[PDB]
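Enquirer: Just the structure for this:
(2 chains, ligands or ions: 8)
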Amino acid sequence: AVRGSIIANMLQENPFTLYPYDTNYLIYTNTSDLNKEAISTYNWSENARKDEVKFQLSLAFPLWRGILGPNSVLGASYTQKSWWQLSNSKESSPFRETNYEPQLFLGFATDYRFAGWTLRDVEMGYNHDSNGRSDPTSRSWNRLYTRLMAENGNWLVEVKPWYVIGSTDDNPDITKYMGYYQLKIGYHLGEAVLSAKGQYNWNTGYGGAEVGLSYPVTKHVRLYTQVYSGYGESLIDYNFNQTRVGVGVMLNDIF
Amino acid sequence: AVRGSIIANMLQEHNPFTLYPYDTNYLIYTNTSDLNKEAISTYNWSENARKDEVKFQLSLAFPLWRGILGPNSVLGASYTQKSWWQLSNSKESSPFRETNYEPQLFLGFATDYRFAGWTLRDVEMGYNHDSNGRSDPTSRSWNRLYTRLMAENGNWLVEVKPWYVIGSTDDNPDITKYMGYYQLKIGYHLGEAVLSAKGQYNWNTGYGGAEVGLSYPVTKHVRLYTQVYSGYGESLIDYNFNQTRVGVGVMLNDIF
Ligand SMILES: CCCCCCCCO[C@@H]1O[C@H](CO)[C@@H](O)[C@H](O)[C@H]1O
Ligand SMILES: CCCCCCCCO[C@@H]1O[C@H](CO)[C@@H](O)[C@H](O)[C@H]1O
Ligand SMILES: CCCCCCCCO[C@@H]1O[C@H](CO)[C@@H](O)[C@H](O)[C@H]1O
Ligand SMILES: CCCCCCCCO[C@@H]1O[C@H](CO)[C@@H](O)[C@H](O)[C@H]1O
Ligand SMILES: CCCCCCCCCCCC
Ligand SMILES: CCCCCCCCCCCC
Ligand SMILES: [Ca+2]
Ligand SMILES: [Ca+2]
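Expert: Numbering: from 1, shown residues only, chains lettered A, B, ... in the order given. Ligands and ions are numbered 1, 2, ... in the order given. Here you go, the structure:
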């Protein structure tokens, strides 16, 4: 029963109640640069705008609680990120890009304590990340990963290392830009949450950072502001660098 | 509270890391009688389209303001998303054929109006946008002002949702000929099993479509689910296209 424990939440016991995995938000954004050369096969690409509506849905699905003892769970998750040219009525406001991220995993709610920090989540599983397109906009990669989440007072730190498995023919140099792990830091400043999510490949010099700030405006809606800077904001832009700023609303933050 | 009442659920305060569902949430593997290659001929991969597809629906309710118009009312929003995915079509890099995005803003009320055995439980008024996220020439969209009314009686649930089309429907001008002005939903609780039927019919044109389903709990959060769709308007790109589609897979929540 811990703020930010995905798995501890999933263990909690009516049947019309869904569980979140990651953050759920809808924001209005502008990017520094639109990647028009990657989406050149789309008819509307020449007239693509830098202002878009960005949103993420993310859900956890407990399938088997107690598979490996009282504090474990066989679970699934689904994260979806979409970039939508709403203001671009000239081209019938199309979606530029969606990322679909299903996962299947074994999760453990833990309490290992070291140096003031408490390891709360240990999660191991399969991750698929694709963009739902055909050639040549198709982008896709699969990962075996471990997610480890620890908290210390107002801090939350999450490390997610992975191993790429299978084909990456659509984007074979993706690990050059994405790296082999993802770091997440949350900071709780009163009821406000400062957040940072990113990757850095130290042998290639590539990475990207997502910084955010949210605060409850009501007991229903949080205000949320986001900056993304770097490579790999979306699969179609994994090898593309830009800076994006957005404002909007959020249900859940990382803790 | 009451099984099947979206509004009654939305009024229950909870732990802020719990979402509310609006419609059903499911993931099924499907085979259609006919794939509408014609409508999607603009896509490079259209002629190698395969009749087997993954279909899934996500649907969430978002309480914005409880008590806006009294203790049993709510200002809310919903988002329903349906996707058809050519998973098996590795030859074309398994693209999505079609997604429908259905955001709503509404005023809802939890009621207790009993009449001839049936108890009206949900009264909902709001705005609906239904788009496919495409550009010319595959773009399909329509806006609607609707009322949703849900009533129950023993093992039965009946939901009627009549609407009024508003604004331009320039991507699909004759959409009302295949969809109609209302949607009917019937749920039946047979033990832990749920029979469901969801449909529309235009009496003046003879066009319609129906979706029948059966689900059974495997666990407290997961159900096995089978679906048959038959008729017109399964998706926006197929509003004027007739097909029969059968699917099997898993479900979180059924209609009650
Ligand atoms: C924090 C949210 C950013 C607000 C910026 C949104 C409005 C800017 O919109 C801009 O209009 C231009 C011409 O009219 C387009 O060509 C640009 O690509 C578009 O970004
Ligand atoms: C509520 C925790 C009771 C204190 C016993 C936990 C032992 C952990 O040990 C220490 O605890 C301190 C907090 O007491 C931390 O600041 C130290 O850095 C940590 O190493
Ligand atoms: C039995 C002691 C109860 C009083 C605990 C107050 C001490 C606050 O100390 C806190 O201890 C936590 C537990 O290790 C650490 O995680 C925090 O980082 C630390 O500051
Ligand atoms: C989102 C549109 C702006 C209107 C603000 C909605 C106000 C929140 O509304 C209400 O606040 C009450 C007091 O905390 C609670 O008792 C309710 O459960 C909550 O919904
Ligand atoms: C059971 C809840 C529905 C979850 C939908 C996830 C489907 C994964 C999509 C994969 C796209 C490439
Ligand atoms: C919390 C996330 C809600 C997402 C709302 C998306 C609305 C998309 C409309 C696109 C149709 C063309
Ligand atoms: Ca693909
Ligand atoms: Ca459109």
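Enquirer: okay but residue A:191 is in contact with residue A:217, surely?
Expert: No. Using CB atoms under 8 Å, residue A:191 is not in contact with residue A:217, being 10.4 Å away. Placement of C-beta: from N, CA and C, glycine included.
Enquirer: of these two, who's got more company?
Expert: Between residue A:191 and residue A:217, counted using other CB atoms under 10 Å in any protein chain shown, the more crowded position is residue A:217 (12 against 9).
Enquirer: Roughly how far does the residue nearest to the more buried one when sequence neighbours are not counted sit from ligand 3?
Expert: Leaving aside its sequence neighbours, residue A:217 sits nearest to residue A:223 (CB to CB, 6 or more residues apart in numbering or on different chains; 4.9 Å). Per CB to the nearest ligand atom, to the nearest Å, residue A:223 is found 29 Å from ligand 3.
Enquirer: could you say which helix or strand contains residue A:223?
Expert: strand A:222-231 (DSSP states H and E).
Enquirer: Residues contacting that strand, please?
Expert: Outside strand A:222-231, the residues that touch it by CB atoms under 8 Å, 6 or more residues apart in numbering or on different chains are A:25, A:27, A:29, A:54, A:177, A:198, A:206-217, A:237-253.
Enquirer: Nearest to ligand 8: which residue in the stretch 151-255 of chain A?
Expert: Residue nearest to ligand 8 within the stretch 151-255 of chain A (CB to the ion): residue A:236, separated by 18.5 Å.
Enquirer: Give me the distance between the residue lying closest to residue A:72 once chain neighbours are set aside and ligand 1.
Expert: Spatially, and ignoring its direct neighbours in sequence, residue A:72 is nearest to residue A:108 (5.1 Å; CB to CB, 6+ apart). Noted for residue A:108: a distance of 40 Å to ligand 1, by CB to the nearest ligand atom.
Enquirer: ok now do residue A:108, which residues does it touch?
Expert: A:7, A:68, A:71-73, A:121-123.
Enquirer: Need the max-distance pair from those residues.
Expert: A:68 and A:121 (14.5 Å; CB to CB).
Enquirer: could you pull out the helices for chain A?
Expert: A:6-11, A:174-178 (DSSP state H).
Enquirer: contacting residues around the longest one?
Expert: With contacts defined as CB under 8 Å, 6+ apart, helix A:6-11 is touched by A:1-2, A:19-21, A:60, A:62, A:65, A:71, A:73, A:75, A:107-109, A:120-121, A:123, A:149, B:15, B:17-18.
Enquirer: Does the closest residue to residue A:234 other than its chain neighbours have any beta-bridge partners, and if so which?
Expert: Leaving out its chain neighbours, the residue that sits closest to residue A:234 by CB to CB, 6+ apart is residue A:97, at 4.9 Å. Note on residue A:97: beta-bridge partners by DSSP bridges are residue A:83.
Enquirer: Report how many residues lie close to residue A:97.
Expert: Neighbour tally, residue A:97, other CB under 10 Å: 23.
Enquirer: Surely it touches residue A:235?
Expert: Yes. Counting by CB under 8 Å, residue A:235 is a contact partner of residue A:97 at 7.2 Å.
Enquirer: hmm, which of the contacts of strand A:222-231 are the buried ones?
Expert: With burial judged by 16 or more other CB atoms under 10 Å in any protein chain shown, the buried subset of the contacts of strand A:222-231 is A:25, A:27, A:29, A:54, A:177, A:198, A:206-208, A:210, A:212-214, A:216, A:237-242, A:244, A:246, A:248-253.
Enquirer: Look through the stretch 101-250 of chain A and state the residue closest to ligand 7.
Expert: residue A:138 (3.6 Å).
Enquirer: ok, that residue to ligand 2 distance?
Expert: Distance from residue A:138 to ligand 2, by CB to the nearest ligand atom: 49 Å.
Enquirer: List the contacts of that residue.
Expert: For residue A:138, the contact set (CB under 8 Å, 6+ apart) comprises A:130-131, A:170, B:93, B:95.
Enquirer: Ligand 5 contacts on the stretch 51-200 of chain A?
Expert: By the rule CB under 6 Å from any ligand atom, the part of the stretch 51-200 of chain A lying against ligand 5 is A:78, A:100, A:102, A:130, A:132.
Enquirer: for the closest residue to the fourth one other than its chain neighbours, what are its contacts?
Expert: In other words, residue A:130. Spatial nearest neighbour of residue A:130, excluding adjacent residues (CB to CB, 6+ apart): residue A:140 at 4.0 Å. For residue A:140, the contacting residues are A:128-131, A:167-168, A:170-171, A:235, B:93, by CB under 8 Å, 6+ apart.
Enquirer: number of nearby residues for the residue in the stretch 101-250 of chain A positioned nearest to ligand 8?
Expert: The minimum distance from the stretch 101-250 of chain A to ligand 8, using CB to the ion, falls at residue A:132 (16.2 Å). If you count neighbours by other CB under 10 Å, residue A:132 ends up with 24.
Enquirer: Residue A:47 too?
Expert: Residue A:47, neighbours per other CB under 10 Å, totals 12.
Enquirer: That one contacts residue A:92, doesn't it?
Expert: No. Counting by CB under 8 Å, residue A:47 sits too far from residue A:92 to count as a contact (10.7 Å).
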